[PDB]
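Positions are given from 1 along the sequence. Both backbone and side-chain heavy atoms feed into the values below; hydrogens, waters and symmetry mates do not.
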Amino acid sequence: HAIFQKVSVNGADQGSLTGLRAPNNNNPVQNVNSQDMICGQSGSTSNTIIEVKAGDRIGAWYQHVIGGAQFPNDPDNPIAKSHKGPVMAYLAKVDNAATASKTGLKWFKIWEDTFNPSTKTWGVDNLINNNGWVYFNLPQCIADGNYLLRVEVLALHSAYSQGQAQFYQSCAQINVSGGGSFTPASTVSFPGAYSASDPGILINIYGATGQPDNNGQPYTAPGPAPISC
Ligand SMILES: [Cu+2]
């Protein structure tokens, strides 16, 4: 239970909900066929389009509720420790990031922090240790212009049952300058890219003594591999 609700650009805080299409509650999306998978449940929208340069260091901030912790010493801020899983980021090129319909876009993955089997560390573990932030660079080669930037937490604490993996998604509206001429060889659809039977979605992450360590096995994130310039 958490909401992606703020972006930073090379460390500069763009402000709460600035440029975001974000849900207004922290409940998960669980039906991978839902249009809610694209940018989360329909919630707040913003007219701002965040100016970024290709290659920039982007931060995406999750907190338990809109605005931060739900109450003093909230143990589930930025997200409950139990919610082990990967974090993924995708781009979709759009003409106008403020007015584009979220439906039917052509998505490609640019980054993910999944599971390190030898350290037993999930992307959500790093999110927690970075106080809700996940950091990644925009590719240096992507073309100039508007994009939606979709960031997604996949929490697997209940994912051993069909349709009970939990998704926490929002989209940021950005304009890229200083880019290159990259065109993705392949794109995917949301909804569509994920199937409930995917081995990173229908998964029992619990080991011998009940710890969520994936039995020290490698984990396969759903969707396509991140592009590289
Ligand atoms: Cu939760």
Minimum heavy-atom distance [X]-[Y], with the two atoms named:
X	Y	value
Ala92	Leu105	CB-CB, 3.9 Å
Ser228	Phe182	O-CE1, 4.2 Å
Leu148	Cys39	CD1-SG, 4.4 Å
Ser195	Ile201	O-CD1, 3.6 Å
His64	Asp74	ND1-OD2, 2.6 Å
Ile128	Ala80	CD1-O, 4.1 Å

For the atom pair [atom1] ([X]) and [atom2] ([Y]), what is the distance rounded to the nearest 0.5 Å?
X	Y	atom1	atom2	value
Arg21	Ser170	CZ	OG	11.5 Å
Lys84	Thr121	NZ	OG1	8.5 Å
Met88	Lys109	CE	NZ	5.5 Å
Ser161	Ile203	OG	CD1	13.0 Å
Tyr168	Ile79	OH	CD1	6.0 Å
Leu20	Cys171	CG	SG	9.0 Å

Kindly say whether [Y] contributes a backbone atom to a donor-acceptor pair with the side chain of [X] at under 3.5 angstrom?
X	Y	answer
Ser101	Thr103	yes
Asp56	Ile58	no
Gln63	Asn77	no
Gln14	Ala12	yes
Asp213	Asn215	yes
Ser46	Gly19	yes
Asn26	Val65	no
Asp13	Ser8	no

Is there a path of hydrophobic side-chain contacts, each under 4.5 Å between heavy atoms of I/L/V/M/F/W/Y residues, joining [Y] to [X]?
X	Y	result
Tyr160	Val153	no
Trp61	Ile50	no
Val52	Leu17	yes
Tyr135	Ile174	no
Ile49	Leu149	no

Hey, does [Y] have a side-chain heavy atom less than 4.5 Å from the side chain of [X]?
X	Y	value
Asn214	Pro117	no
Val134	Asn126	no
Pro191	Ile38	yes
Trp133	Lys6	yes
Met37	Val29	yes
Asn24	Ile66	no
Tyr206	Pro212	yes
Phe167	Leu154	yes

_Residue pair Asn27, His1: steps toward the side chain to side chain contact (heavy atoms under 4.5 Å, CB included) verdict_ = CA-CA 6 Å; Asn27 297 323; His1 288 67; 3.7 Å; yes
*Run the numbers on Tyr62 and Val151 for side chain to side chain contact (heavy atoms under 4.5 Å, CB included), then give the verdict.*
CA-CA 10 Å; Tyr62 283 79; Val151 179; 3.7 Å; yes
_Enclosure of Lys102 NZ (heavy-atom neighbours >12, cutoff 6.0 Å)_ = yes
*Test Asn175 against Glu51 for side-chain hydrogen bond (donor to acceptor under 3.5 Å, both in side chains), laying out the working first.*
CA-CA 5 Å; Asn175 181 66; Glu51 297 286 341; 2.9 Å; yes
*Among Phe190, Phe136, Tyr147, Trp111, which one satisfies ring pair (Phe, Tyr, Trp, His ring centres under 6.0 Å) with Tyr90?*
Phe190
_salt bridge (charged side-chain N to carboxylate O under 4.0 Å, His left out) partners of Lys93, counting only residues at least two apart_ = none
*Checking side chain to side chain contact (heavy atoms under 4.5 Å, CB included) for the pair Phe115/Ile205: CA distance, chi angles, key distance, verdict?*
CA-CA 11 Å; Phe115 178 65; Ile205 66 178; over 6 Å; no
*Would you check, one step at a time, whether the test side-chain hydrogen bond (donor to acceptor under 3.5 Å, both in side chains) holds for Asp76 with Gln70?*
CA-CA 9 Å; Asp76 298 348; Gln70 186 174 345; over 6 Å; no
